[PDB]
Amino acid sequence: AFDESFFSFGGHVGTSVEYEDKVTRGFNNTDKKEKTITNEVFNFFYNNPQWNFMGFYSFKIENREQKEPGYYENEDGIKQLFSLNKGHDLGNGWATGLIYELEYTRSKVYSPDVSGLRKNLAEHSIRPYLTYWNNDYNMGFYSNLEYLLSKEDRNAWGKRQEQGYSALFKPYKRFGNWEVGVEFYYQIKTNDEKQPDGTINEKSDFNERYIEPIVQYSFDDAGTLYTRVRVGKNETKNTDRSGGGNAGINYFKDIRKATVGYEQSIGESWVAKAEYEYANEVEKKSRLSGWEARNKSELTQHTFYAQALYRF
């Protein structure tokens, strides 16, 4: 019945906190230090197997502090995420569906040069997906395509739009208490950034690929321990219209990440999770403009995440 289907949902409500510590030693060979805290005051996962529909909502408060020689910048923001997933069971271990995700961020920036500069960001993700699970082999995969559109209005600092596509394929296998998988990812996008008077800051083409093995182990008397290691590369190729010395300049980045996390149920209703991620990204240019002290820009990032969920 339609009326009673409305009440056939489960899911969870939760909260989380994320702390990011970043240091970027740039082409100027000096350190830009950034610390970010993200307070997810509410998230809501909604699962209605009657509709084969899943939904997700999140409300986050974000605070970032940037420090470097002769400059600082603070940014405070609010981020809301709306996610809809309509799935369809195809039988024999196959399923498909469509995800539509909208994420909106509003923030203000404070520095010695601006006082409360406003930024509005809207990101849209549309992801058709295809999943398979073979019960006899205890093996399967997740796969999806994606269209991603990002539009940001930074008022006096102009507008930026990114648009592109990605593809992801993640085969995985379970055996005993183990699960092992490998995520393969490819993304392409265009970047367009302009000043308020139309002056082009950037017009460039981007692509990224990575491979990310994942290993997890589920303990009988408790939770699940997991680790992920990513090796990736990306490149940004500027057209001859980019500004600021970047006309025709290419950027090449090597990416390495390692994650360790643990999730465990607490009684029948609660679940807690903690995760640490290390990231190191090293970038070089095809040619230096002349102001740079070296042809190297290196990010080192440590991220800590903790989450508590109440299931119903």
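Quick note: we count residues from 1 along the sequence shown, nothing fancier.
- Missing-residue comparison: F2 falls in the unmodelled set for a third or more of the other PDB entries checked.
- Taking only CA atoms, the mean B-factor in the PDB entry is higher for 267-275 than for the other of 267-275 and 58-66.
- Two stretches are in play, 299-307 and 7-15, and the higher mean C-alpha B-factor belongs to 7-15.
- In this entry, the residue among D220, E212, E146, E103 with the greatest C-alpha B factor is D220.
- For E193, the recorded CA B-factor ranks within the middle third of the chain. Only modelled residues enter the ranking.
- The entry lists a Cα temperature factor for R230 that places it in the lowest third of the chain's modelled residues.
- When the modelled residues of the chain are ordered by their C-alpha B factor, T259 lands in the lowest third.
- Sorting the modelled residues of the chain by their CA temperature factor places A167 in the lowest third.
- Remark: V23 belongs to the lowest third of its chain, ranked by C-alpha B-factor as recorded.
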